[PDB]
Amino acid sequence: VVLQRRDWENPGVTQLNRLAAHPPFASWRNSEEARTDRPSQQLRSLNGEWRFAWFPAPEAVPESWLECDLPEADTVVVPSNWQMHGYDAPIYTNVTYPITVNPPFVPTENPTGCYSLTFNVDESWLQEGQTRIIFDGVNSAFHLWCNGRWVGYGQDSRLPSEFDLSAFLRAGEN
Amino acid sequence: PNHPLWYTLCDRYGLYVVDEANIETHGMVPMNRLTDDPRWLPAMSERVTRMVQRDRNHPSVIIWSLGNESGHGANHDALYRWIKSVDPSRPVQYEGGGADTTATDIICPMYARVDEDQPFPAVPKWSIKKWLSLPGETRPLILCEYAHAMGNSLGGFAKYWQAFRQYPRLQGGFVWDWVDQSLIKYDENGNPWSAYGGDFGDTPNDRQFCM
Amino acid sequence: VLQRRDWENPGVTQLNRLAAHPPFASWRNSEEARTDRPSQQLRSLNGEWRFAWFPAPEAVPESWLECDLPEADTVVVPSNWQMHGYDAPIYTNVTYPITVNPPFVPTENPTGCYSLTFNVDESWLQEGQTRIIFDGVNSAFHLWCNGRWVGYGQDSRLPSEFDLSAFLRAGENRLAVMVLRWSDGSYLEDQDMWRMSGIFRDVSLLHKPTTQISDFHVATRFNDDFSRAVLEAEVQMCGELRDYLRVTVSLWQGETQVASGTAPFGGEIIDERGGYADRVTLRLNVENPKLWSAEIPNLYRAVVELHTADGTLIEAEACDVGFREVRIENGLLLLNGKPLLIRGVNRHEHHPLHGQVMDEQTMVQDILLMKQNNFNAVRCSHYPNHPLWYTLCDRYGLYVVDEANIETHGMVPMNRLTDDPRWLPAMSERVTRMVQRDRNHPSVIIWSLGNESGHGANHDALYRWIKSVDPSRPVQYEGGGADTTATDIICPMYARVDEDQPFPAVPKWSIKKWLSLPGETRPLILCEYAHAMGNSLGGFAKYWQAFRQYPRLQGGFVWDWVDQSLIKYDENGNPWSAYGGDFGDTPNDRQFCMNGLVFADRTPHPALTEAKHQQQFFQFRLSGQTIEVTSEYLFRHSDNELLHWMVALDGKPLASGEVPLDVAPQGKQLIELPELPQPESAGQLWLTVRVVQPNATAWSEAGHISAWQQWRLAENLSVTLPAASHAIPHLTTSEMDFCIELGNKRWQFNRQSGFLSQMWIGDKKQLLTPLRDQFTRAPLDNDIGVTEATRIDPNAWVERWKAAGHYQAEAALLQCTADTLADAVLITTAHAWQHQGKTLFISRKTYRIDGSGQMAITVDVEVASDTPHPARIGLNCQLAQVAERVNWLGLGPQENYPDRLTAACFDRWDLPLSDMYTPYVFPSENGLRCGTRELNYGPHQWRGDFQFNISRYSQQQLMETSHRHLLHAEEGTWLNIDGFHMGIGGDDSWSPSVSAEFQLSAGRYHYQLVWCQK
Ligand SMILES: CC(C)S[C@@H]1O[C@H](CO)[C@H](O)[C@H](O)[C@H]1O
Ligand SMILES: CC(C)S[C@@H]1O[C@H](CO)[C@H](O)[C@H](O)[C@H]1O
Ligand SMILES: [Mg+2]
Ligand SMILES: [Mg+2]
Ligand SMILES: [Mg+2]
Ligand code: NA
Ligand code: NA
Ligand code: NA
Ligand code: NA
Ligand code: NA
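Residues numbered from 1 in each chain as written, not as in the entry; some residues may be left out. Chains lettered and ligands numbered in written order. Part of a larger assembly, values for the part shown. Heavy atoms only, no water.

Taking the PDB entry as the reference, chain B is identified by name as Beta-galactosidase belonging to Escherichia coli.

The name recorded for chain A in the PDB entry is Beta-galactosidase, from Escherichia coli.

Okay, structure coming up:
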């Protein structure tokens, strides 16, 4: 499963468990903060340093990465394009596709970026309410796990993918 | 669709925006192979519909675009009509398949010249002055792309603006484009230099056409 | 596979399913393709499969993949497993049969495990492609071959195809199919019908060569007068492209080849990147094409040959071509340039024994009956049909509305899913794969976006998709108010002729009014009208008068063709017709599954003849002795028609003749009747004309009657006073009775009740129940509506009658006197019917018994103006005698009611007593005959101007009994003779639908009867 089902080679599967799209949200709990467009305590930025390891294919990703930080991984800035960090080469082509034209298939050698972050969540977020993660841009497709458990999948590199993490989080480190 | 802050800034500084779906299938033969295929309608629909759902409240957005360089397929017509139903407040444009198809409210050619016709079979690029008055044609004309500013360029730019000012229904266009897509590289001395297609071992590539 | 619940994901509607396409057979011989003979490359797997039932897919043993379960049984496929008894079929109308929680379905999800062990010859696997086709699987399935998972599919009503080439081995193979009853697809399959499940259409294996015809589209365009046509055929291939490859499309009229084209692959430039190298478009000139229509279904045969330039055949496909143009112009729907008048019916795929499995015999039976009853169109309510239906419609000549399998009726509001972009992919496939399948069938003239799913943006997108892909057919859709931006045709359901129904947001305007709303230009054709539930089709004539007067009123589709009743068996193994709730299914919508013009076994309801008469293709007028015949055919002359005419005096034939019909389409013929001899005796002369088809057709037998009409000619009123009698009746008085004696005859009037309680001829009682006034009827389905004991609808007629006390009003005597006259005895009575201190009805009567033995009854009734208008005004009694025959002078022969009597003719009719009862599955008032001047039963004769029914079943038993099979013949015969009887209605069956002119509102009523012995 997940390796079985090549969702990245099926135009009928463009997402799994993704929430509905919507206009920009901040979930203010104060009217005046909403009016003045000031920061919201309910909207948290995960633009910090993550852990990153590069692979030549999803099949080369070790199964331990779901549970544990890989010691081979580097700490990098997110958001980022990994070619800008030197892991593989950026490609400039105009009309001709950068891959063989054979829809829906992509090359077996499919560069894979394994990202991870250990983080805390306020206790109050676990008692009540809904906590979602939002990826404003992932190029070109991705699976997501929270605390070792599979959450969902997304496509389209230029629109946000959102997923409910309420059932997944725990007290302390996630 | 852009980084969300782009629309905020456009709202606040004041720029008119064309918000464009993340669909381009330029490399297909013919260009509409996927976009005329109903099996690709679901994937295409999300790219249009999730954009509208995100950006529909931004005043800076004045036009919706169905994407770019994907020929003209039936999926375009379906998605054109979807937007027209869901949001009557904005015209829908799309250039693929000859710039003046049933999937666009605006004649929006790319690189149509001011006076000279380019009568390519199936997808001609008429003189923009002539395009407006073709039998039965009533729509405004605004080039989605014109004046390819590659290197030492923009020769004949003044000729566009004279035309735009003389003809009411010629309502301008969008220069191609804003900024060189060159990437910083470093020599043995650690000195930075501007790099283009081919400079990363990338092959096949299209060299300085990224600039 | 268990992980990943794809049947709870509208984002997953299939896995590894092949592209949709028009019917394939992969002939390897051109001649076999041309003649439409069977193909060796198309194998039927319609045999006995292995089947096992599970309450949930979690209960399916993993061993079932590799090996047959010994627990499993051997069952016929195609089938619905509810018809085998594994679980119960559910009848619900609007409310979903599962909890409304999209995308989720119940954890208890009946799962049908089908399997088959079969042979494949090596030749099929050496080269080429072997695919399996499931034409119908309800509602979602996973497929395994030789243990290995192949794929997954949704949409119950379109074929699902999978490539098995890599899965099969030469020799023994095993297929395993896990069918789920409920899926996220169920949210889009909420049609008002039995909810069933299973592999209910054909399963087949298709062998295609690697280099193959993968798709082809046939278009026909015309010059202004249809004397010239171009057939355009777009053909697509799969496999490796080669310069030596060619396609030949040839067109045939029988065995004569009319035109042919050959080209290599490589279409014209499309855009900046080129054209379609894998496609070719062939164009053939056809001079003076024979045009297709429902009137004359001219067909050609197109053969599509894929071959080498040198002439080796690779494969051929083929289809029937009908040359016809469908367009809307100036607000009119045109076929071949002529405005259609749709004589339509909605038709569900239903068989009482086999459920939703269709067969050729039943399909053919249906078409024959439809054409025989002047229908020219059918709507696929509400899903793509079995593929053979379209072929039969192509060949017999019927216009088809092809409708996508999308119904979300039970959502709140109705467009909750169809306005949701997340449901667009699921919706899009149900539309797109239908068009790709059916687009070559000439019988399909209109595409429909589904049914009762509100109006959402997804409709507007899919509307536009079909308009881009196929400009040859208008797109209609009724949802969200029947005139939305997603429909080319104003297509309301149950909009009335003259009465507006201004529901907020989705009004149903009077159809005459709807046409001329500010800015409205479109044609109007009702997708559903004249709800034929039980004793219905009251007011049908009103629709047709309107359709004929208004150009832009172009007809409609009756709801509907056939009762969705199912067969059950009693303890004696005797069959009976069952409806909602008869399978422990709950909640249910009872008899609402039965709305057909015909019974489940295709026996007609009386309403069918009313439809035949109103849908006639010849209109008639009489002026003096001249009959004017007008044709409503648009294309054919009347070259298999003769007019029979007959003049009769009160049922007694006086003269007849026949004249051939020779009427151009839309033309007129004048027929001058010869001088008719004068009758001596009194009475009304009646003229009846009939249109007879001397020759058999493909759809009818020799002597078939297609049209009729009747007129009153001269009337000579009787002025002759009857022969004076010498006998005078004798009055005998007691405290309890007035008795009258004359010869061997006796009459008895009870002085406490005020009614004639008994009658003797010789020594024998004639009555088992006294002759009493009656103001009620055993309620019709139209009277009942959607009311229930637990949820009363106070607006329904039955509930108004009940609440006012019509059913429990007791007769109270006001007057009972007897006077002896010169040559008669006169009994005078008066009664009041009261309920809780309110006087509902008053009945004042005289009975005059003279020396000739005749009893003249004069009845004058008052009806309180503030009580709901009564169902009937008449008398009833239980006669002691059961006679074999019923003879009457009046309207017949079939059941007819005041608002459904145009089909009936006035004449002398003689039928067995049993034909005077209509076996409606839900029993009600039935078998009435109107305009009756004389009624004969055994020794009795009644005369006057009355309506009657006569049977072994009392009104009381009929209203107390919920199924026809539970009815028992009572002692003697119940006779109801009415001076007046309310309309039956039927514009719909969930609101009062009886028109004001058929309600008994006059306040004061009068009728007279003569009762005598012959
Ligand atoms: C015929 C090709 C050059 S297409 C041409 O390439 C340009 C290169 O900058 C741009 O991408 C234009 O949008 C595109 O139309
Ligand atoms: C308001 C309800 C009765 S809806 C009504 O039910 C009918 C029952 O036969 C049919 O299904 C009609 O199509 C439907 O509109
Ligand atoms: Mg995918
Ligand atoms: Mg699903
Ligand atoms: Mg319904
Ligand atoms: Na201008
Ligand atoms: Na460029
Ligand atoms: Na009409
Ligand atoms: Na029904
Ligand atoms: Na009953």
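A. Here's a closer look at the coordination of the magnesium ion (ligand 5). Residues and elements named next belong to chain C. For the magnesium ion (ligand 5), the protein coordination sphere consists of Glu 407 (OE), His 409 (ND1) and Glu 452 (OE), at 2.0 to 2.1 Å. Read in sequence order, the donor residues coordinating the magnesium ion (ligand 5) give the pattern E-x1-H-x42-E. Since its relative accessible area comes to 0%, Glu 407 is described here as buried. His 409 sits in the buried class, given a relative accessible area of 15%. (Donors = N, O, S within 2.8 Å, 3.2 Å for Na, K, Ca; no water. Buried < 20%, exposed > 50% of the residue type's maximum accessible area, 1.4 Å probe, protein only.)

B. Highlighting the site of ligand 1. Around ligand 1, a shell composed of A:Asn94, B:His26, B:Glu69, B:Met110, B:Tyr111, B:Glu145, B:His148 and B:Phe209 is seen. Surrounding ligand 1 is a set of residues that belongs to chains A and B. Between ligand 1 and A:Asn94, the relevant distance is 3.1 Å, taken from an oxygen atom to a side-chain nitrogen or oxygen of the residue. Contact between ligand 1 and B:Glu69: an oxygen atom at 2.7 Å from a side-chain N or O atom of the residue. Coverage of ligand 1 by the protein chains reaches 65% of its 390 Å² of free accessible surface. When its residues are assigned to classes, the shell around ligand 1 shows 3 nonpolar, 3 polar and 2 charged. (Near = heavy atom within 4 Å. Polar contact = N/O pair within 3.5 Å; in protein donor to acceptor, adjacent residues only side chain to side chain. Areas by Shrake-Rupley, 256 points an atom, 1.4 Å probe, with all protein chains shown as cover. Nonpolar A, V, L, I, M, F, W, Y, C, P; charged D, E, K, R; others polar.)

C. Representation of the sheet that holds strand β27 (residues 377-379) of chain C. All names here are of chain C. Ordered by their spatial adjacency, 7 strands build an open sheet running β30-β29-β28-β27-β26-β32-β31, and the pairing between neighbours is parallel. On the outer flanks of this sheet lie β30 (475-476) and β31 (524-529), each paired with one strand and no other. Note that strand β28 (residues 399-403) and strand β29 (residues 444-448) share 4 bridges and pair parallel. Across the sheet, the residue bridging to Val 400 is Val 444, located in β29. On top of the sheet, helix α5 (residues 387-396) reaches β27, β28 and β29; it is set at about 155 degrees to β28, its chief contact. Lying on the sheet, helix α6 (residues 424-438) is in contact with β28 and β29; it crosses β29 at an angle near 170 degrees. (Pairing = 2+ DSSP bridges. Helix = DSSP H or I, 4+ residues; strand = E, 2+ residues; numbered from the N terminus. Contact = heavy atoms within 4.5 Å. Axes fitted to C-alpha atoms, helices over the stretch in contact; angles between N-to-C directions.)

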